[PDB]
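We place every Cβ from the backbone using ideal geometry, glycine too, and count neighbours over all the protein chains shown. The values are calculated or read from the model by the stated rules, or taken from the named source; nothing here is a laboratory result.
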Amino acid sequence: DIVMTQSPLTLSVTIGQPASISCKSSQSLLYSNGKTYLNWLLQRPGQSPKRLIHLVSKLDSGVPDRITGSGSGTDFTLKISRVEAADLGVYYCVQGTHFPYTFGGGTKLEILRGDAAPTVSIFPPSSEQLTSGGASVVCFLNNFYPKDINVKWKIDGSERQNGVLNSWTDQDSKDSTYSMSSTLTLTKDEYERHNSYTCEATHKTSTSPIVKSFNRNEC
Amino acid sequence: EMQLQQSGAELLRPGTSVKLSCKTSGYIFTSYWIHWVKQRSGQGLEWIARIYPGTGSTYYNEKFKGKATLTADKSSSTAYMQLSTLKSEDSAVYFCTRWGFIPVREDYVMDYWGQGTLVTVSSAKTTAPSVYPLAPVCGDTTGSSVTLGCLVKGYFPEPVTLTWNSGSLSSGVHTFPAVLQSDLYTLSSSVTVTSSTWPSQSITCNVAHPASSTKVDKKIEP
Ligand SMILES: O=C(O)CNC(=O)CCCP(=O)(O)OCc1ccc([N+](=O)[O-])cc1
Ligand SMILES: [Zn+2]
Ligand SMILES: [Zn+2]
Ligand SMILES: [Zn+2]
Ligand SMILES: [Zn+2]
Ligand SMILES: [Zn+2]
Ligand SMILES: [Zn+2]
Ligand SMILES: [Zn+2]
């Protein structure tokens, strides 16, 4: 089967700048009728894929002409002349010249924006949960940029690595930021044996770790 | 308005089979090829097969012969894809699409896609979630704006539906992708409002887990 190689894997571009994605094939995509069946698709976050280009350079209806396609043989390029927020998503090249049809691995386009420091919120276990014998401490690190962040949990000054569950959202199409959730789950008994619970983050926007904590006690 | 509606998420036991449906409308069903595409773990697409409903003619990617069987009910404008003897690699999202390539014209008409059908191959048991309200103590963000949360934990399988104030409150909402651990998923959502809204006016977390027919609303009380 034809192997389709796309590069780069991810590109970060500021709104207003140009972008270009490459797609290489293991066989020429020139069909015996002289047509080259190479398509480009865009899959926006949480949406089905959509064809942008067909026959190497022909734009599908309703597709902005900021998008351009070119190439031949085994080398193809998709270029966006001026990036806009709506261009966020994963781009794929797919060939139809050789059966079976094969796709490239995709290129994630991410919007490069000004660095943003996380807004951190920490939440102790709910009464409801403690009643069941469990206790989760939740920490939200909302709207930061770049995506690269490291969070550690500390209980009474020592790092706790076991029982942590992290989740990140994709880049927000409203402000181009990221958000992440970190949950530390313990037994009700151990939860009630400690005092301070700290959610600590390491991010580009600060020379020292970003901190949020609470001391559980009574009254 | 051309539309393709696919069936809901499926939890299938290993070794069994499923029949996925793709209901279309807005165009002449028998005159266009319908293709099925598979997507695993995010970016990673594969072409499965195509059927021309008018004649019932089909073409399969070798890899899927014996795995997928495509049919189409002209009387209802519905295409179907049966997946047989499911195993690990079959867990994925499947899309149907009126791709739009017209062989005779050697050109294309617009592609319309279904929303996708998630198939989970597992023998793990269906479990209802526990919804926990997250009121701030330190997650207050001082005055100005306060952020609340909702923790949905210990459920199986995906998906779960979470809205705030029945969908009324959609801005400043962050719902995180569920994470699987020990055969159960955990999901959380945060909502940021002004100090003026909460606690003055109520904020409620709405959660639904179709697989276990669970529907619960948790009011974030201070
Ligand atoms: O079938 C062959 O062997 C010969 N080739 C052809 O007839 C041309 C097919 C062109 P095209 O429809 O662009 O095929 C590629 C192709 C088809 C469907 C698809 N999809 O995502 O649904 C993705 C890619
Ligand atoms: Zn060939
Ligand atoms: Zn050939
Ligand atoms: Zn200690
Ligand atoms: Zn101690
Ligand atoms: Zn301690
Ligand atoms: Zn021509
Ligand atoms: Zn065309």
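Looking for something surrounded by fewer than 14 Cβ atoms within 10 Å (Cβ to Cβ), assigned by CATH to the domain that holds residue B:119, in contact with a strand residue (DSSP E or B) (Cβ under 8 Å, 6 or more places away or on another chain) and farther than 19 Å from residue B:119 by Cβ - is there at least one such residue anywhere in region B:66-86?
Within region B:66-86 (the criterion being surrounded by fewer than 14 Cβ atoms within 10 Å (Cβ to Cβ), assigned by CATH to the domain that holds residue B:119, in contact with a strand residue (DSSP E or B) (Cβ under 8 Å, 6 or more places away or on another chain) and farther than 19 Å from residue B:119 by Cβ), the answer is yes, since at least one residue qualifies.
If you take the residues of region A:106-126 that are hydrophobic (A, V, I, L, M, F, W, C) and not in a strand (DSSP E or B), which of them is farthest from residue B:139 (Cα to Cα)? Working first, answer last.
Restricting attention to region A:106-126, the residues satisfying the condition of being hydrophobic (A, V, I, L, M, F, W, C) are A:109, A:111-112, A:116-117, A:120, A:122-123.
Going one step further and asking which of them are not in a strand (DSSP E or B), we end up with A:112, A:117.
Working: A:112: 28, A:117: 16 Å.
Residue satisfying both the conditions and the ranking: A:112.
Just to check your reading of the model, which residue among A:196, A:208, A:158 is farther than 23 Å from residue B:172 by Cβ, surrounded by fewer than 18 Cβ atoms within 10 Å (Cβ to Cβ) and away from ligand 4 (no atom under 16 Å from the Cβ)?
Numbers: A:196 fails: away from ligand 4 (no atom under 16 Å from the Cβ); A:158 fails: away from ligand 4 (no atom under 16 Å from the Cβ).
The unique qualifying residue is A:208.
For residue B:108, only one of the following conditions fails: (1) surrounded by 20 or more Cβ atoms within 10 Å (Cβ to Cβ); (2) of a type outside the set (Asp, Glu); (3) within 13 Å of chain A (Cβ to nearest Cβ). What is its number?
(1)
Output the number of residues of region A:34-79 satisfying the condition of being surrounded by fewer than 21 Cβ atoms within 10 Å (Cβ to Cβ) and part of a loop (DSSP other than H, G, I, E, B).
The total comes to 19.
Return the residue satisfying two criteria in turn: it lies in region A:80-105 and is touching a residue at least 60 places away in the same chain (Cβ under 8 Å), part of a loop (DSSP other than H, G, I, E, B) and of a type outside the set (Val, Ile, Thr), and of such residues it is surrounded by the most Cβ atoms within 10 Å (Cβ to Cβ). Break it down stepwise before answering.
Of region A:80-105, the ones touching a residue at least 60 places away in the same chain (Cβ under 8 Å) are A:80-88, A:91-95, A:97-98, A:100, A:102-105.
Add one more test, that the residue is part of a loop (DSSP other than H, G, I, E, B), and what stays is A:81-84, A:88, A:97-98, A:100, A:104-105.
If we keep only those that are of a type outside the set (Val, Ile, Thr) as well, we get A:81-82, A:84, A:88, A:98, A:100, A:104-105.
Values: A:81: 13, A:82: 13, A:84: 12, A:88: 20, A:98: 16, A:100: 18, A:104: 26, A:105: 17.
Selected residue: A:104.
Name every residue in region B:40-65 that is among the small types (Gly, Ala, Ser) and surrounded by 13 or more Cβ atoms within 10 Å (Cβ to Cβ), in order of residue number.
Applying the first criterion (among the small types (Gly, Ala, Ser)) to region B:40-65 yields B:41-42, B:44, B:49, B:54, B:56-57.
Matches in region B:40-65: B:44, B:49, B:54.
Please identify the pairs in which a residue from region B:145-166 that is at positive phi has its Cβ atom under 6 Å from the Cβ atom of a residue that is in a strand (DSSP E or B), counting only partners at least 6 apart or on another chain.
Final answer for the pair search is B:154/B:130; B:154/B:184; B:165/B:204; B:166/B:206.
When region A:149-202 is examined, which residues are found to be over 30 Å from residue A:83 (Cα atoms), aliphatic (A, V, I, L, M) and at the interface with chain B (Cβ under 9 Å from one of its Cβ atoms)?
The answer is A:165, and nothing else.
For (1) touching a residue at least 60 places away in the same chain (Cβ under 8 Å); (2) touching a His at 6+ places or on another chain (Cβ under 7 Å); (3) more than 14 Å from chain A (Cβ to nearest Cβ), each residue gets a yes or a no:
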| residue | (1), (2), (3) |
| --- | --- |
| B:176 | no, no, no |
| B:180 | no, no, no |
| B:190 | no, yes, no |
| B:199 | no, no, yes |
| B:216 | yes, no, no |
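Within region A:181-210, how many residues are under 25 Å from the mean Cα position of the chain (by Cα) and in contact (Cβ under 8 Å) with a residue 60 or more places away in the chain?
Initial filter on region A:181-210 (under 25 Å from the mean Cα position of the chain (by Cα)): A:181-184, A:199-207, A:209-210.
Cutting the leftovers down to in contact (Cβ under 8 Å) with a residue 60 or more places away in the chain gives us A:199, A:201, A:203-206, A:210.
Final tally of qualifying residues: 7.
Pick from region B:140-174 the residues that are within 14 Å of another protein chain (Cβ to nearest Cβ) and aliphatic (A, V, I, L, M): which of them is nearest to the chain's Cα centre (by Cα)?
B:160
Only one residue in A:90, A:56 is more than 16 Å from ligand 2 (Cβ to nearest atom) and within 10 Å of chain B (Cβ to nearest Cβ), so which one is that?
Values: A:56 fails: within 10 Å of chain B (Cβ to nearest Cβ).
The match here is A:90.
Specify the residue that is surrounded by the fewest Cβ atoms within 10 Å (Cβ to Cβ); the eligible residues are those in region A:127-145 that are more than 7 Å from every other protein chain (Cβ to nearest Cβ) and part of a strand (DSSP E or B).
A:134
In the list A:15, A:2, which residue meets the criterion of being touching a helix residue (DSSP H, G or I) at 6+ places or on another chain (Cβ under 8 Å) and part of a loop (DSSP other than H, G, I, E, B)? Steps first, please.
Details: A:2 fails: touching a helix residue (DSSP H, G or I) at 6+ places or on another chain (Cβ under 8 Å).
Selected residue: A:15, the only one of A:15, A:2 that is touching a helix residue (DSSP H, G or I) at 6+ places or on another chain (Cβ under 8 Å) and part of a loop (DSSP other than H, G, I, E, B).
Within region A:192-213, is there a residue that is in a strand (DSSP E or B), within 16 Å of ligand 6 (Cβ to nearest atom) and aromatic (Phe, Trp, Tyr)?
The answer is yes, given that some residue of region A:192-213 is in a strand (DSSP E or B), within 16 Å of ligand 6 (Cβ to nearest atom) and aromatic (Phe, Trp, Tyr).
Can you pull out the strands (runs of 3 or more DSSP E) entirely within region B:13-71 that have at least 2 residues that are out of contact with any helix residue (DSSP H, G or I) (no Cβ under 9 Å at 6 or more places or on another chain) and facing chain A (nearest Cβ under 10 Å)? Let's see the steps before the verdict.
Values: elements: B:18-25, B:34-39, B:45-52, B:57-60.
Of the strands (runs of 3 or more DSSP E) lying wholly inside region B:13-71, those with at least 2 residues that are out of contact with any helix residue (DSSP H, G or I) (no Cβ under 9 Å at 6 or more places or on another chain) and facing chain A (nearest Cβ under 10 Å) span B:34-39, B:45-52, B:57-60.
Residues of region A:108-126 being within 9 Å of chain B (Cβ to nearest Cβ) and either away from ligand 6 (no atom under 16 Å from the Cβ) or of a type in the set (A, V, I, L, M, F, W, C) (or both), which ones? Write out each step before concluding.
First, the residues of region A:108-126 that are within 9 Å of chain B (Cβ to nearest Cβ): A:108, A:119-126.
Matches in region A:108-126: A:108, A:119, A:120, A:121, A:122, A:123, A:126.
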